[PDB]
Amino acid sequence: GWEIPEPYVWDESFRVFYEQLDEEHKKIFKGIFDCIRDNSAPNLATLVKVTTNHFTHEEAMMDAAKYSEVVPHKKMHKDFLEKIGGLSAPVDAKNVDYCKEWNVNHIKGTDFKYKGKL
Ligand SMILES: [Cl-]
Ligand SMILES: [Cl-]
C-alpha cells in the first residue's frame, strides 16, 4: 500500500492538479491529523463534513467531465462516509488507522485515475 505520512500531513506526491480538489485533500489530511491529536466529537464531525463536501465536489467534476469511472468511485465514497458517519469519539486506534490508510490509498489508487480527465 502507499506510505502513510508521519506526521499525517498532505504532500506533493498526492497532487491531482485541480486546485480546489487538492485544497480539499489537504483539509481531509488536516481533519484526520486533528482527530489524531484531539480525538473529540467536534473534530470527528468536522472530518465528516469536510469529507462529504469534498466527495460531492469531486463527483460533480467527474459527472461534468462524463468521466467513465465515476460509478465505482462514488461507491467508494459512499462506503467511507457510511463508515466515518457511524463512528463516535474517541475513535479507537483501529478506526483511526483505517481512516489514515483509506485516505492515502483512495487518493493515490483511485483519485489518481482522473488525472487530466476532469
Ligand atoms: Cl508515493
Ligand atoms: Cl484523455
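Draft legend 1. Spotlight on helix α2 (residues 41-64). The end-to-end C-alpha distance of α2, which contains 24 residues, comes to 35 Å, matching closely the 34 Å that a straight helix rising 1.5 Å per residue would cover. Within α2, burial applies to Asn-43, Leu-44, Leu-47, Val-50, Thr-51, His-54, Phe-55, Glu-58, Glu-59 and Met-62. Lining the buried residues of α2 we find α1 (19-37), α3 (70-84) and α4 (93-109). With a side-chain oxygen positioned 3.1 Å from the backbone nitrogen of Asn-43, the residue opening α2 is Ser-40. A positive phi of about 50° marks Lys-66, the residue just after α2.

Draft legend 2. The arrangement of unusual backbone geometry in detail. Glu-6 connects to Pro-7 through a cis peptide bond whose omega is -5°. Positionally, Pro-7 belongs in the segment before α1. That bond from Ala-89 to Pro-90 is cis: its omega, -5°, falls within 30 degrees of zero. By the secondary structure assignment, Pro-90 is in the loop between α3 and α4. In this structure, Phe-17 is a non-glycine residue whose phi angle is positive, near 65°. Position of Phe-17 relative to the elements: it lies in the segment before α1.

Draft legend 3. Seen up close, the packing of α3 against α4. The contact between α3 and α4 brings their axes to 12 Å, and the two run at 160°. Judged by the inter-axis angle, α3 sits roughly antiparallel to α4. α4 is crossed by α3, and the crossing has left-handed handedness. Two secondary-structure elements touch here, α3 through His-73, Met-76, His-77, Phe-80, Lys-83 and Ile-84 and α4 through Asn-95, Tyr-98, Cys-99, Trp-102 and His-106. Among the residues forming the contact of α3 with α4, the class breakdown is six nonpolar, four polar and one charged.

The rules behind the values
- Residues numbered from 1 in each chain as written, not as in the entry; some residues may be left out.
- Chains lettered and ligands numbered in written order.
- Heavy atoms only, no water.
- Helix = DSSP H or I, 4+ residues; strand = E, 2+ residues; numbered from the N terminus.
- Expected span 1.5 Å × (residues − 1).
- Buried < 20%, exposed > 50% of the residue type's maximum accessible area, 1.4 Å probe, protein only.
- Contact = heavy atoms within 4.5 Å.
- Polar contact = N/O pair within 3.5 Å; in protein donor to acceptor, adjacent residues only side chain to side chain.
- Axes fitted to C-alpha atoms, helices over the stretch in contact; angles between N-to-C directions.
- Parallel < 35°, antiparallel > 145°, perpendicular 65-115°, else oblique.
- Left-handed = near helix turned anticlockwise from the far one by under 90°.
- Nonpolar A, V, L, I, M, F, W, Y, C, P; charged D, E, K, R; others polar.

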